[PDB]
Structure formats: structure tokens, C-alpha cells
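A.B. asks: For reference, this is work.csv, and it has CSV, N, CA and C atoms.
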chain,number,residue,atom,x,y,z
A,1,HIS,N,-31.0,1.8,-21.7
A,1,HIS,CA,-32.3,1.7,-21.1
A,1,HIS,C,-32.3,2.0,-19.6
A,2,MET,N,-32.9,3.0,-19.2
A,2,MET,CA,-32.9,3.4,-17.8
A,2,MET,C,-31.5,3.6,-17.3
A,3,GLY,N,-30.8,4.7,-17.7
A,3,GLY,CA,-29.5,4.9,-17.3
A,3,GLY,C,-28.6,5.3,-18.4
A,4,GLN,N,-27.9,4.4,-18.9
A,4,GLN,CA,-27.0,4.6,-20.1
A,4,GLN,C,-26.8,3.3,-20.9
A,5,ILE,N,-27.8,3.0,-21.6
A,5,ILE,CA,-27.8,1.8,-22.4
A,5,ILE,C,-27.6,0.6,-21.5
A,6,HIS,N,-28.4,-0.4,-21.8
A,6,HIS,CA,-28.3,-1.7,-21.0
A,6,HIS,C,-29.0,-1.5,-19.6
A,7,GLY,N,-28.5,-0.5,-18.9
A,7,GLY,CA,-29.0,-0.2,-17.6
A,7,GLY,C,-27.9,0.2,-16.6
A,8,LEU,N,-27.1,1.2,-17.0
A,8,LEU,CA,-26.0,1.7,-16.2
A,8,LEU,C,-25.3,0.4,-15.6
A,9,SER,N,-25.0,-0.5,-16.5
A,9,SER,CA,-24.3,-1.7,-16.1
A,9,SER,C,-22.8,-1.4,-16.0
A,10,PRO,N,-22.2,-0.9,-17.1
A,10,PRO,CA,-20.8,-0.5,-17.1
A,10,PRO,C,-20.5,0.7,-16.2
A,11,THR,N,-21.6,1.4,-15.9
A,11,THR,CA,-21.5,2.6,-15.1
A,11,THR,C,-20.4,3.5,-15.6
A,12,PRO,N,-20.6,4.0,-16.8
A,12,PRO,CA,-19.6,4.9,-17.4
A,12,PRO,C,-19.6,6.3,-16.8
A,13,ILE,N,-20.8,6.8,-16.5
A,13,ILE,CA,-20.9,8.1,-15.8
A,13,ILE,C,-20.7,7.9,-14.3
A,14,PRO,N,-20.0,8.9,-13.7
A,14,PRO,CA,-19.8,8.9,-12.3
A,14,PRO,C,-21.1,9.3,-11.5
A,15,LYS,N,-22.1,8.5,-11.8
A,15,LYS,CA,-23.4,8.7,-11.1
A,15,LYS,C,-23.8,10.2,-11.2
A,16,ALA,N,-24.8,10.5,-10.5
A,16,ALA,CA,-25.3,11.9,-10.4
A,16,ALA,C,-24.4,12.7,-9.5
A,17,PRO,N,-24.3,12.2,-8.2
A,17,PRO,CA,-23.5,12.8,-7.2
A,17,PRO,C,-22.0,12.6,-7.4
A,18,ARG,N,-21.4,13.5,-8.1
A,18,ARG,CA,-20.0,13.4,-8.4
A,18,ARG,C,-19.2,14.0,-7.3
A,19,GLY,N,-18.8,13.1,-6.4
A,19,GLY,CA,-18.0,13.5,-5.2
A,19,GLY,C,-17.1,12.3,-4.7
A,20,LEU,N,-15.9,12.2,-5.4
A,20,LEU,CA,-15.0,11.2,-5.0
A,20,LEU,C,-15.8,9.9,-4.7
A,21,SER,N,-16.7,9.5,-5.6
A,21,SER,CA,-17.5,8.3,-5.5
A,21,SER,C,-18.2,8.3,-4.1
A,22,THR,N,-19.1,7.4,-4.0
A,22,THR,CA,-19.8,7.2,-2.7
A,22,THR,C,-18.9,6.5,-1.7
A,23,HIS,N,-19.1,5.2,-1.7
A,23,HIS,CA,-18.4,4.3,-0.8
A,23,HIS,C,-16.9,4.8,-0.7
A,24,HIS,N,-16.5,5.4,-1.8
A,24,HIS,CA,-15.1,5.9,-1.9
A,24,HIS,C,-14.9,7.1,-1.0
A,25,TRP,N,-15.8,8.1,-1.2
A,25,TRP,CA,-15.7,9.3,-0.4
A,25,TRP,C,-16.2,9.0,1.0
A,26,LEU,N,-17.2,8.2,1.1
A,26,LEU,CA,-17.8,7.8,2.4
A,26,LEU,C,-16.6,7.2,3.2
A,27,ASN,N,-15.7,6.5,2.5
A,27,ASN,CA,-14.6,5.9,3.2
A,27,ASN,C,-13.8,7.0,3.9
A,28,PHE,N,-13.9,8.2,3.4
A,28,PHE,CA,-13.2,9.3,3.9
A,28,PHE,C,-14.0,10.1,4.9
A,29,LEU,N,-15.3,10.1,4.6
A,29,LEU,CA,-16.3,10.9,5.4
A,29,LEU,C,-16.5,10.1,6.7
A,30,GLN,N,-16.5,8.7,6.5
A,30,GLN,CA,-16.8,7.9,7.7
A,30,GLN,C,-15.7,8.1,8.8
A,31,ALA,N,-14.5,8.1,8.3
A,31,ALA,CA,-13.4,8.2,9.3
A,31,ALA,C,-13.5,9.6,9.9
A,32,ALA,N,-13.8,10.6,9.1
A,32,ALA,CA,-13.9,12.0,9.5
A,32,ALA,C,-15.0,12.1,10.6
A,33,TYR,N,-16.1,11.3,10.3
A,33,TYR,CA,-17.2,11.3,11.2
A,33,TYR,C,-16.9,10.4,12.5
A,34,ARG,N,-15.9,9.6,12.4
A,34,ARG,CA,-15.4,8.8,13.5
A,34,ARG,C,-14.6,9.6,14.5
A,35,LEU,N,-13.9,10.6,13.9
A,35,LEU,CA,-13.1,11.4,14.7
A,35,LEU,C,-13.9,12.5,15.5
A,36,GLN,N,-13.5,13.7,15.4
A,36,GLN,CA,-14.2,14.8,16.1
A,36,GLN,C,-15.7,14.8,15.6
A,37,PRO,N,-16.6,15.1,16.5
A,37,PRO,CA,-18.0,15.2,16.2
A,37,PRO,C,-18.3,16.5,15.4
A,38,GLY,N,-18.0,16.4,14.1
A,38,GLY,CA,-18.3,17.6,13.3
A,38,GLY,C,-19.3,17.2,12.2
A,39,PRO,N,-20.6,17.4,12.6
A,39,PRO,CA,-21.7,17.1,11.6
A,39,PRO,C,-21.8,18.2,10.5
A,40,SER,N,-21.4,17.9,9.3
A,40,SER,CA,-21.4,18.8,8.2
A,40,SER,C,-20.4,19.9,8.5
A,41,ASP,N,-20.8,20.9,9.3
A,41,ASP,CA,-20.0,22.0,9.6
A,41,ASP,C,-19.2,22.5,8.3
A,42,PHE,N,-18.1,23.1,8.5
A,42,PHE,CA,-17.3,23.6,7.4
A,42,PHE,C,-15.9,23.1,7.5
A,43,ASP,N,-15.7,21.9,8.1
A,43,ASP,CA,-14.4,21.3,8.2
A,43,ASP,C,-14.0,20.6,6.9
A,44,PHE,N,-15.0,20.3,6.1
A,44,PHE,CA,-14.8,19.7,4.8
A,44,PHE,C,-13.9,20.6,3.9
A,45,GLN,N,-13.7,21.8,4.3
A,45,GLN,CA,-12.8,22.7,3.6
A,45,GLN,C,-11.4,22.2,3.5
A,46,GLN,N,-10.9,21.9,4.7
A,46,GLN,CA,-9.5,21.4,4.8
A,46,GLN,C,-9.4,20.1,4.1
A,47,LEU,N,-10.5,19.5,3.8
A,47,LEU,CA,-10.5,18.2,3.1
A,47,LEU,C,-10.5,18.5,1.6
A,48,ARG,N,-11.4,19.2,1.1
A,48,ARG,CA,-11.5,19.6,-0.3
A,48,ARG,C,-10.2,20.1,-0.8
A,49,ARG,N,-9.4,20.6,0.2
A,49,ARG,CA,-8.1,21.1,-0.2
A,49,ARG,C,-7.1,20.0,-0.6
A,50,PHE,N,-7.3,18.9,0.0
A,50,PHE,CA,-6.5,17.7,-0.3
A,50,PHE,C,-7.0,17.0,-1.5
A,51,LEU,N,-8.3,16.9,-1.6
A,51,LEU,CA,-9.0,16.2,-2.7
A,51,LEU,C,-8.8,17.0,-4.0
A,52,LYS,N,-9.0,18.3,-3.9
A,52,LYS,CA,-8.8,19.1,-5.1
A,52,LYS,C,-7.3,19.0,-5.5
A,53,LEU,N,-6.5,18.8,-4.6
A,53,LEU,CA,-5.1,18.7,-4.9
A,53,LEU,C,-4.8,17.4,-5.7
A,54,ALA,N,-5.4,16.3,-5.3
A,54,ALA,CA,-5.2,15.1,-6.0
A,54,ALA,C,-5.9,15.2,-7.4
A,55,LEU,N,-6.9,16.0,-7.4
A,55,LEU,CA,-7.6,16.3,-8.7
A,55,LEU,C,-6.6,16.7,-9.8
A,56,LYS,N,-5.6,17.3,-9.3
A,56,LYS,CA,-4.5,17.8,-10.3
A,56,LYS,C,-3.8,16.6,-10.8
A,57,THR,N,-4.1,15.4,-10.2
A,57,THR,CA,-3.4,14.2,-10.7
A,57,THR,C,-4.5,13.2,-11.1
A,58,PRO,N,-4.9,13.3,-12.4
A,58,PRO,CA,-5.9,12.4,-12.9
A,58,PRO,C,-5.3,11.0,-13.2
A,59,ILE,N,-4.7,10.5,-12.2
A,59,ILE,CA,-4.0,9.2,-12.4
A,59,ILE,C,-4.7,8.2,-11.4
A,60,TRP,N,-5.3,8.7,-10.4
A,60,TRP,CA,-5.9,7.9,-9.4
A,60,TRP,C,-7.4,7.8,-9.7
A,61,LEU,N,-7.9,8.8,-10.5
A,61,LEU,CA,-9.3,8.8,-10.9
A,61,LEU,C,-9.5,7.7,-11.9
A,62,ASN,N,-8.7,7.6,-12.9
A,62,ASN,CA,-8.9,6.6,-13.9
A,62,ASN,C,-9.0,5.2,-13.3
A,63,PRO,N,-8.0,4.9,-12.5
A,63,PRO,CA,-7.9,3.6,-11.8
A,63,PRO,C,-8.9,3.6,-10.5
A,64,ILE,N,-9.4,4.8,-10.2
A,64,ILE,CA,-10.3,5.0,-9.1
A,64,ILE,C,-9.8,4.1,-8.0
A,65,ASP,N,-9.0,4.6,-7.1
A,65,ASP,CA,-8.5,3.8,-6.0
A,65,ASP,C,-7.8,4.8,-5.0
A,66,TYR,N,-8.4,4.9,-3.8
A,66,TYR,CA,-7.9,5.7,-2.8
A,66,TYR,C,-6.5,5.3,-2.4
A,67,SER,N,-6.1,4.1,-2.8
A,67,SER,CA,-4.8,3.6,-2.5
A,67,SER,C,-3.7,4.5,-3.0
A,68,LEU,N,-4.1,5.3,-4.0
A,68,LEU,CA,-3.1,6.2,-4.6
A,68,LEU,C,-3.3,7.6,-4.0
A,69,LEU,N,-4.4,7.7,-3.3
A,69,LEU,CA,-4.7,9.0,-2.6
A,69,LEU,C,-3.7,9.2,-1.5
A,70,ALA,N,-3.7,8.2,-0.5
A,70,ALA,CA,-2.8,8.3,0.6
A,70,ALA,C,-1.4,8.4,0.1
A,71,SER,N,-1.2,8.0,-1.2
A,71,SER,CA,0.1,8.1,-1.8
A,71,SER,C,0.5,9.6,-2.1
A,72,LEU,N,-0.5,10.3,-2.6
A,72,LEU,CA,-0.3,11.7,-3.0
A,72,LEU,C,0.2,12.4,-1.7
A,73,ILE,N,-0.2,12.0,-0.6
A,73,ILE,CA,0.1,12.6,0.7
A,73,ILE,C,1.7,12.6,0.8
A,74,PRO,N,2.2,13.8,0.9
A,74,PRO,CA,3.7,13.9,1.1
A,74,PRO,C,4.1,13.5,2.5
A,75,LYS,N,3.6,12.4,2.9
A,75,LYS,CA,4.0,11.9,4.3
A,75,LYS,C,4.4,13.1,5.2
A,76,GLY,N,3.4,13.7,5.8
A,76,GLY,CA,3.6,14.8,6.7
A,76,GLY,C,2.6,15.9,6.4
A,77,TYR,N,1.8,15.7,5.4
A,77,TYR,CA,0.7,16.6,5.1
A,77,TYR,C,0.1,17.3,6.3
A,78,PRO,N,-0.3,18.6,6.1
A,78,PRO,CA,-0.8,19.4,7.2
A,78,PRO,C,-2.3,18.9,7.5
A,79,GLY,N,-3.0,19.7,8.3
A,79,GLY,CA,-4.3,19.4,8.7
A,79,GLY,C,-4.5,18.0,9.2
A,80,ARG,N,-5.7,17.6,9.6
A,80,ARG,CA,-5.9,16.3,10.2
A,80,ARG,C,-6.6,15.4,9.1
A,81,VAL,N,-6.4,15.8,7.9
A,81,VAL,CA,-6.9,15.0,6.8
A,81,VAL,C,-6.3,13.6,6.8
A,82,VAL,N,-5.0,13.6,7.0
A,82,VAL,CA,-4.3,12.3,7.0
A,82,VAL,C,-4.7,11.5,8.2
A,83,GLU,N,-5.0,12.2,9.3
A,83,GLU,CA,-5.4,11.6,10.5
A,83,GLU,C,-6.7,10.8,10.3
A,84,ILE,N,-7.4,11.3,9.3
A,84,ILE,CA,-8.7,10.6,8.9
A,84,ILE,C,-8.4,9.5,7.9
A,85,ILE,N,-7.5,9.7,7.0
A,85,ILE,CA,-7.1,8.7,6.0
A,85,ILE,C,-6.4,7.6,6.7
A,86,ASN,N,-5.5,8.0,7.7
A,86,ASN,CA,-4.8,7.0,8.4
A,86,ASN,C,-5.7,5.9,9.0
A,87,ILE,N,-6.9,6.3,9.3
A,87,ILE,CA,-7.9,5.4,9.8
A,87,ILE,C,-8.3,4.4,8.7
A,88,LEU,N,-8.1,4.8,7.4
A,88,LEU,CA,-8.4,3.9,6.3
A,88,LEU,C,-7.2,3.0,6.0
A,89,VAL,N,-6.0,3.6,6.1
A,89,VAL,CA,-4.8,2.8,5.8
A,89,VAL,C,-4.7,1.7,6.9
A,90,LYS,N,-4.8,2.2,8.1
A,90,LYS,CA,-4.7,1.2,9.2
A,90,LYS,C,-5.7,0.1,9.0
A,91,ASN,N,-6.7,0.3,8.2
A,91,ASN,CA,-7.7,-0.7,7.9
A,91,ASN,C,-7.3,-1.5,6.7
A,92,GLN,N,-6.0,-1.4,6.4
A,92,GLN,CA,-5.4,-2.1,5.2
A,92,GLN,C,-4.9,-3.5,5.6
A,93,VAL,N,-3.9,-3.5,6.5
A,93,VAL,CA,-3.4,-4.7,7.0
A,93,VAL,C,-3.0,-5.6,5.8
A,94,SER,N,-2.8,-5.0,4.7
A,94,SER,CA,-2.5,-5.7,3.4
A,94,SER,C,-1.1,-5.3,3.0
A,95,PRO,N,-0.1,-6.1,3.4
A,95,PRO,CA,1.3,-5.9,3.1
A,95,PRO,C,1.6,-6.3,1.6
A,96,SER,N,2.0,-5.3,0.8
A,96,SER,CA,2.3,-5.5,-0.6
A,96,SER,C,3.8,-5.9,-0.8
A,97,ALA,N,4.1,-6.4,-1.9
A,97,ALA,CA,5.4,-6.8,-2.2
A,97,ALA,C,6.4,-5.8,-1.6
A,98,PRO,N,7.0,-6.1,-0.5
A,98,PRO,CA,7.9,-5.2,0.2
A,98,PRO,C,9.3,-5.2,-0.5
A,99,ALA,N,9.2,-4.9,-1.8
A,99,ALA,CA,10.5,-4.9,-2.6
A,99,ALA,C,10.1,-4.4,-4.0
A,100,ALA,N,10.6,-3.2,-4.3
A,100,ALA,CA,10.4,-2.7,-5.6
A,100,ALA,C,10.8,-1.2,-5.6
A,101,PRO,N,10.2,-0.4,-4.7
A,101,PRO,CA,10.5,1.0,-4.5
A,101,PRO,C,11.9,1.2,-3.9
A,102,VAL,N,12.9,0.6,-4.6
A,102,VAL,CA,14.2,0.7,-4.1
A,102,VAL,C,15.2,0.9,-5.3
A,103,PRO,N,16.3,1.6,-5.0
A,103,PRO,CA,17.3,1.9,-6.1
A,103,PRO,C,18.1,0.6,-6.4
A,104,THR,N,18.2,-0.3,-5.5
A,104,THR,CA,18.9,-1.6,-5.7
A,104,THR,C,19.1,-2.3,-4.3
A,105,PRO,N,19.8,-1.5,-3.4
A,105,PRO,CA,20.1,-2.1,-2.1
A,105,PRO,C,18.8,-2.1,-1.2
A,106,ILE,N,18.7,-3.2,-0.5
A,106,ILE,CA,17.6,-3.4,0.4
A,106,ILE,C,17.9,-4.5,1.4
A,107,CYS,N,18.5,-5.6,0.9
A,107,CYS,CA,18.9,-6.7,1.7
A,107,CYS,C,19.7,-7.7,0.9
A,108,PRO,N,20.5,-8.5,1.6
A,108,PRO,CA,21.4,-9.5,0.9
A,108,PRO,C,20.5,-10.7,0.5
A,109,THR,N,20.8,-11.1,-0.8
A,109,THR,CA,20.1,-12.3,-1.3
A,109,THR,C,20.9,-13.6,-1.1
A,110,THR,N,21.0,-13.9,0.2
A,110,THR,CA,21.7,-15.1,0.6
A,110,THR,C,20.7,-16.2,1.1
A,111,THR,N,19.9,-16.6,0.1
A,111,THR,CA,18.9,-17.6,0.4
A,111,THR,C,19.5,-19.0,0.5
A,112,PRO,N,20.3,-19.3,-0.5
A,112,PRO,CA,21.0,-20.6,-0.6
A,112,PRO,C,22.2,-20.6,0.4
A,113,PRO,N,22.6,-21.8,0.7
A,113,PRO,CA,23.8,-22.0,1.6
A,113,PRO,C,25.1,-21.7,0.9
A,114,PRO,N,26.2,-21.5,1.7
A,114,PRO,CA,27.5,-21.2,1.2
A,114,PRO,C,28.1,-22.5,0.6
A,115,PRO,N,29.1,-22.3,-0.4
A,115,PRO,CA,29.7,-23.4,-1.0
A,115,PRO,C,30.8,-24.0,-0.1
A,116,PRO,N,31.2,-25.2,-0.4
A,116,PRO,CA,32.2,-25.9,0.4
A,116,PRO,C,33.6,-25.4,0.1
A,117,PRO,N,34.6,-25.9,0.9
A,117,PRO,CA,35.9,-25.4,0.8
A,117,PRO,C,36.6,-26.1,-0.4
A,118,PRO,N,37.8,-25.6,-0.8
A,118,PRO,CA,38.5,-26.2,-1.9
A,118,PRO,C,39.1,-27.6,-1.6
A,119,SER,N,38.3,-28.5,-1.1
A,119,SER,CA,38.7,-29.8,-0.7
A,119,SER,C,37.5,-30.7,-0.5
A,120,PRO,N,37.7,-32.0,-0.8
A,120,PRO,CA,36.7,-33.0,-0.6
A,120,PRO,C,36.4,-33.3,0.8
A,121,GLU,N,37.5,-33.3,1.6
A,121,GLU,CA,37.4,-33.6,3.0
A,121,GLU,C,36.9,-32.4,3.8
A,122,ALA,N,36.0,-32.5,4.6
A,122,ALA,CA,35.4,-31.4,5.4
A,122,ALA,C,34.9,-31.9,6.7
A,123,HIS,N,33.9,-32.8,6.6
A,123,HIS,CA,33.2,-33.4,7.7
A,123,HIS,C,34.2,-34.3,8.5
A,124,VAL,N,34.3,-34.2,9.8
A,124,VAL,CA,35.2,-35.0,10.6
A,124,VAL,C,35.2,-36.4,10.1
A,125,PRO,N,36.2,-36.7,9.3
A,125,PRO,CA,36.4,-38.1,8.8
A,125,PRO,C,36.8,-39.1,9.9
A,126,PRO,N,36.4,-40.4,9.6
A,126,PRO,CA,36.8,-41.4,10.6
A,126,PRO,C,38.3,-41.8,10.5
A,127,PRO,N,38.8,-42.3,11.6
A,127,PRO,CA,40.2,-42.7,11.7
A,127,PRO,C,40.5,-44.0,10.9
A,128,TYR,N,40.0,-45.1,11.4
A,128,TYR,CA,40.1,-46.4,10.8
A,128,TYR,C,41.5,-46.5,10.2
A,129,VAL,N,41.7,-47.6,9.4
A,129,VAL,CA,43.0,-47.8,8.8
A,129,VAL,C,42.8,-48.1,7.3
A,130,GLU,N,42.1,-49.2,7.1
A,130,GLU,CA,41.8,-49.6,5.7
A,130,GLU,C,43.1,-50.1,5.0
A,131,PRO,N,43.0,-50.9,3.9
A,131,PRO,CA,44.1,-51.5,3.2
A,131,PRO,C,44.8,-50.4,2.4
A,132,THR,N,44.0,-49.4,2.0
A,132,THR,CA,44.5,-48.3,1.2
A,132,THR,C,45.3,-47.3,2.1
A,133,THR,N,44.6,-46.7,3.1
A,133,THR,CA,45.2,-45.8,4.0
A,133,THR,C,46.1,-46.5,5.0
A,134,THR,N,47.3,-46.0,5.1
A,134,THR,CA,48.3,-46.6,6.0
A,134,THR,C,48.9,-45.5,7.0
A,135,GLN,N,49.2,-44.4,6.4
A,135,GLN,CA,49.7,-43.3,7.2
A,135,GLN,C,51.1,-43.6,7.7
A,136,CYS,N,51.2,-44.5,8.6
A,136,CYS,CA,52.4,-45.0,9.2
A,136,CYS,C,52.9,-43.9,10.1
A,137,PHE,N,53.3,-42.7,9.5
A,137,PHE,CA,53.8,-41.6,10.2
A,137,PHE,C,52.8,-41.2,11.3
Spit out the file's structure as C-alpha cells when you get a sec.

C.D. replies:
Amino acid sequence: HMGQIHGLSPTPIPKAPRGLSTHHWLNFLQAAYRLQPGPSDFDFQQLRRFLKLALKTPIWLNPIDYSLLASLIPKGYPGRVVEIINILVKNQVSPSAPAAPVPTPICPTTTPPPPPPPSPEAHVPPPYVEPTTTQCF
């Protein structure tokens, strides 16, 4: 009813304007608009080049998350597209589990303290004498 059954509640269709979602794309257009003063113009070309690229990877679409977009970026990508996205990432300040994308080595897991020596005595014991201890020597 008025949309797609119920009322476009589940929003199955990517709305009418199919363009990397709204707030989603806007998140990219906003930064672009924040940089050089390029109203519309034809700078979106260098952009569509990166977007269309990701399009080849329908893995971020399903989950719909630009978080995977910046990922597609081969860290070093040309154009100032990243320069615009960087404005989005910098707006992350969300450090994720800094441990996973590793082969194995990363840091030593020495959380607990080291074990004692092969002896009961360690801490500077008292001299005293006692009936048991005599020493003599």
C-alpha cells in the first residue's frame, strides 16, 4: 500500500533515485562539496570511476556500507576521490578490534606475570634463628 506493500517499510527497492543511496552518497557528495567549490560541474566523473569500480564488487551493496568502500581503495588510489572519502573516515574515530587481519605475529601475549624460580625461597627471607634452623656454620 503506497510503495511496496505495507508502505515501503522494509524498503526493498533502492528508492527511485538509485545512486549509492542518499545519505550514503550524500556522505560522499558532502565531503566533495566541502573541498573544492565545484557545484555539479563534471568532477563527478573521477568519482563515478571509483563508484563504478566498487560496483564490480556486489559485496558492499548487499550489506550497504561505505565502510567497505574505503576498503576497496587500494590505499593510494589516484584522483582526489580518497581525499573526499578520507573526510568520511576521519569522521570515524571508531577503532575496531585491532587484531584479526594478521598472519599470526602482532604482539607478545604476556598478560600474566612470569613464573617463580625452581625454589620455594625467593623473597628476602628473615635471619632469625628458631629452634629448627641452627646453621651454626

A.B. asks: Name the residues in contact with residue 82 (chain A) at a cut-off of 8 Å, using only N, CA and C atoms, excluding same-chain residues fewer than 6 positions from it; report them as a VMD selection string.

C.D. replies: chain A and resid 70 73 76 88

A.B. asks: So which bits of region 5-119 of chain A end up helix (DSSP H, G or I) when you DSSP the backbone, as a ChimeraX atom specification?

C.D. replies: /A:22-34,44-55,69-72,81-89

A.B. asks: Give as a PyMOL selection string the set of residues within 10 Å of the point (-15.6, 13.6, -4.4), where distances use the file's coordinates and only C-alpha atoms.

C.D. replies: chain A and resi 17-22+24-26+28+48+51-52+55

A.B. asks: Given only C-alpha atoms as the basis, pick out the residue of A:8, A:96, A:60, A:84 nearest to residue 36 (chain A).

C.D. replies: A:84

A.B. asks: If I take atom C of residue 32 (chain A) and CA of residue 93 (chain A), how far is one from the other in Å, to one decimal?

C.D. replies: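 Separating atom C of residue 32 (chain A) from CA of residue 93 (chain A) is a distance of 20.7 Å.
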
A.B. asks: What's the separation between atom N of residue 69 (chain A) and atom N of residue 53 (chain A), in Å to one decimal place?

C.D. replies: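 Computed distance, atom N of residue 69 (chain A) to atom N of residue 53 (chain A), equals 11.4 Å.
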
A.B. asks: What's the 12 Å shell around residue 87 (chain A), counting only C-alpha atoms, without same-chain residues fewer than 4 positions away, as a VMD selection string?

C.D. replies: chain A and resid 27 to 35 70 80 to 83 91 to 93

A.B. asks: Quick one, how far is CA of residue 75 (chain A) from atom C of residue 46 (chain A)?

C.D. replies: 15.7 Å
